[PDB]
């Protein structure tokens, strides 16, 4: 039973999964993604250090492979992250001149999005921009450009591909009482009021056991920012309890603007957190109790 087909039947857009050429060419990953998922999300091949390892010298081979595989198999594509502090080459973080960095950032955004224009459903434009107390995270963009780097990034992305949905994303947005959750809602409200084209908030749900229950209140709070969409991505759950996974799915179903869920890989041994067995398929590529519980809940 395909959880993507079942979640579409309930009115959502997709159940997706993070992957890349390394996974699609080994084991049973390709067969499972074909059968059970409706959207793919490159784990590393679209990040800055992979795509622009030297300034103006782009490398698209891995990203091209993923996009072509998705189109051939009828899958939606989400891609990112265009601007964040992870996967960032030193040549970028060493820039100290504001105009130089604005132009570098705009060029990185425009080049990636133009190459795949019309083919990408969702771009993660800005990621992990907030500290745990709700202040903005001090990365090179904030240090050199200032808080305007976020509006500039989204305005540039919107001009490059008006078809794509443009997201901001962060982690630890899983509790409605946590300062970070309330801060991103307030800031996104203000940005949208100023005309900034933020289409979505993506919640990076790398969850500890038992945190699914709190998502039932956190996700509606994120939806109150008034973006056209919200999504769940990078989802995994330590221990992979059915209770946590079903709670996360029910939160999605309860929030009308939540378009879908993307899990953080297929099989446990390929997770960065493999020792906590946090995914929906085990090391033999067999569906786990959590997978069957999602199927049963959606039916």
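Numbering follows the first chain given and starts at 1.
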Regarding 26 to 34 and 259 to 267, which shows the higher C-alpha temperature factor on average in the entry? 26 to 34
What stretch has the higher average Cα B-factor here, 216 to 224 or 100 to 108? 216 to 224
Residue set 249, 274, 233, 230, per-entry CA B-factor max assigned to 274
Lowest, middle or highest third: where is residue 289 by C-alpha B factor in its chain? middle
Split the chain's modelled residues into thirds by Cα B-factor; is residue 63 in the lowest, middle or highest one? highest
Would you check the entry's CA temperature factor for residue 204 and let me know if it's in the chain's lowest, middle or highest third? lowest
Sorting by Cα B-factor within the chain, modelled residues only, which third would residue 241 end up in: lowest, middle or highest? highest
Of the three thirds of Cα B-factor ranks in this chain, residue 45 occupies the lowest
